[PDB]
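Just below is one structure, and these are the notes that go with it.
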Amino acid sequence: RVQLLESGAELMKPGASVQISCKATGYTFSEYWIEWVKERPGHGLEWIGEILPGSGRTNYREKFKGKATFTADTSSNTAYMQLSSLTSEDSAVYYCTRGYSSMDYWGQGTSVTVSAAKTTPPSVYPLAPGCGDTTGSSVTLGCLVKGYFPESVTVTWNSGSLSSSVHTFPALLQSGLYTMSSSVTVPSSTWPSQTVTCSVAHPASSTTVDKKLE
Amino acid sequence: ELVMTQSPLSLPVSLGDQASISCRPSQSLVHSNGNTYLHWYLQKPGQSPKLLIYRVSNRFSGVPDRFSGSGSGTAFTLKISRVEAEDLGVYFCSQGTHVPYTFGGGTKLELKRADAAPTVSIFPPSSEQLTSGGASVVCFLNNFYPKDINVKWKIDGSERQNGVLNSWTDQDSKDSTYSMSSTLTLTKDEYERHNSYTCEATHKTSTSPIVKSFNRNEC
């Protein structure tokens, strides 16, 4: 019945700080601890800190005292998290929460990504076996994508002809830029009898590319 | 603080079985109020995880009969008796008698499979990457099982480089195998400063580690 909705994921420059909010529908505010948690890929969950609305009371993880602030506007039923002096290690997904003798109900999720970056398009490098190595069954192929921002990358790697095992590997977040591949399973006969081609589509810039391999 | 060692990190279970996945905290979780505070949660890929059994034993609202929750001391278990599709994900056990609120590592539940030797394919560098003064090499270790798989790049044997980006894959729908990429990244020149590199993958299927090579030279 109760709901906790959060503001939408942001992209912030370093230094600058964000204001995540957590609106609660379906009860009285002033009684439950408004919890917030840190979900960083790899680390897991770092309870950040408590605060009950109404009393104005608070509670922080030693670690976070000085980086986070918690406020609540009882007559608007929003909760607050202000992470000042942002940085590369705060880039993660944050949840607010109603929890007592349990972590009752969890908000959806605000993503906060810290990066210097300015929009830029995927420099597309086509992975094609070189001089006489790989032989036989499936000629496997690929299309690498080296650097760009932000996540808006989508690959139509619709086969070259006779093929299916298509893998789209995840995106690493290195040096504030993005870099991921695509990879395909095309059997000898069908290649290069016909040609396979990738299309890297980065709508964050309405820029797109088609590249035949070999 | 106080640790929470989720006794087992990957439950490869075929559907329709029991599911023990133990969680041991560091101290007593018994507050001076009387009740202890271990608690369970299930996190479904893409969504803010959720409350399973709360207060150790106690079952939650809109929450299956198929979940057992019981313990005492430095030992707490969660037991799903008829695992069934919608229960696949990770399970953070938790603590709340001591500030701060530690969360366990998170054991996962993946589809069972029998081993499946990984297929490696090295691809050299493309002239246009070559052209921007950059140069990557990528050796794909596709559609295989089980997960655990390390991959060392003894470029020309001696040096164990480490300018590597590893991209995994969430388990396959109709396969239940995984697939991976490894991009050793060179300074164009660095690349044109050697003759043949090798990608070494060690995955308990083989005795003799699956190695593939690439000759910068005779080509």
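A quick note on method: Cβ atoms are made from the backbone with ideal geometry, for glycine too, and the neighbour counts reach across all protein chains shown. All of this is worked out from the model, or read from it or from the source named; no laboratory read-out is quoted.
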* Here are some residues: B:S167, B:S158, B:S94. Which one is surrounded by 19 or more Cβ atoms within 10 Å (Cβ to Cβ) and either touching a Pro at 6+ places or on another chain (Cβ under 7 Å) or without any contact (Cβ under 8 Å) to a residue 24 or more places away in the chain (or both)? -> B:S167
* The lone exception for B:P118 - which of (1) at the interface with chain A (Cβ under 9 Å from one of its Cβ atoms); (2) buried (at least 19 other Cβ atoms within 10 Å of the Cβ); (3) touching a residue at least 40 places away in the same chain (Cβ under 8 Å) it fails -> (1)
* Near pairs, Cβ below 6 angstrom, 6+ apart or cross-chain, from the stretch A:27-49 (away from every other protein chain (no Cβ under 14 Å)) to any residue that is surrounded by 14 or more Cβ atoms within 10 Å (Cβ to Cβ) -> A:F29/A:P53; A:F29/A:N77; A:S30/A:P53
* Asked: In the set B:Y54, B:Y37, B:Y41, which member is of a type outside the set (D, E), within 13 Å of chain A (Cβ to nearest Cβ) and assigned to a strand (DSSP E or B)?
  -> B:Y41
* Among (1) farther than 21 Å from A:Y125 by Cα; (2) free of Cβ contacts under 8 Å to residues at least 60 places away in the same chain; (3) of a type in the set (V, I, T), the one test that B:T183 misses -> (1)
* **Close pairs (6 angstrom Cβ cut-off, 6 or more residues apart or separate chains): more than 7 Å from chain B (Cβ to nearest Cβ) in the stretch A:156-177, small (G, A, S) and surrounded by 16 or more Cβ atoms within 10 Å (Cβ to Cβ) anywhere** => A:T156/A:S199; A:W157/A:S182; A:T168/A:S182; A:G176/A:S115; A:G176/A:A117; A:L177/A:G147
* Structure fact -> The strands (runs of 3 or more DSSP E) lying wholly within the stretch A:83-149 that contain at least 2 residues that are at the interface with chain B (Cβ under 9 Å from one of its Cβ atoms) are A:92-99, A:123-125, A:138-142, A:144-146
* **Hits in the stretch B:122-153 - residues which are more than 8 Å from chain A (Cβ to nearest Cβ), in a strand (DSSP E or B) and closer than 26 Å to B:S10 by Cβ** => B:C139, B:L141, B:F144, B:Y145, B:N150, B:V151, B:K152
* Please give the number of the condition B:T107 fails out of (1) surrounded by fewer than 20 Cβ atoms within 10 Å (Cβ to Cβ); (2) among the polar types (S, T, N, Q); (3) assigned by CATH to the domain that holds B:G89. => (1)
* To do: Please enumerate the residues belonging to the stretch B:196-210 that are free of Cβ contacts under 8 Å to residues at least 40 places away in the same chain and surrounded by 12 or more Cβ atoms within 10 Å (Cβ to Cβ).
  => B:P209
* To do: Mind telling me which of the residues B:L42, B:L2, B:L78 ends up being under 15 Å from B:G105 (Cβ atoms), under 18 Å from the mean Cα position of the chain (by Cα) and not β-branched (V, I, T)?
  => B:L42
* To do: Evaluate the stretch A:5-22: report whether one residue or more is within 21 Å of A:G99 (Cα to Cα), over 27 Å from the mean Cα position of the chain (by Cα) and surrounded by 12 or more Cβ atoms within 10 Å (Cβ to Cβ).
  => no
* To do: State all residues of the stretch B:171-219 that are charged (D, E, K, R), assigned to a strand (DSSP E or B) and within 19 Å of A:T135 (Cβ to Cβ); if no residue qualifies, say none.
  => B:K212
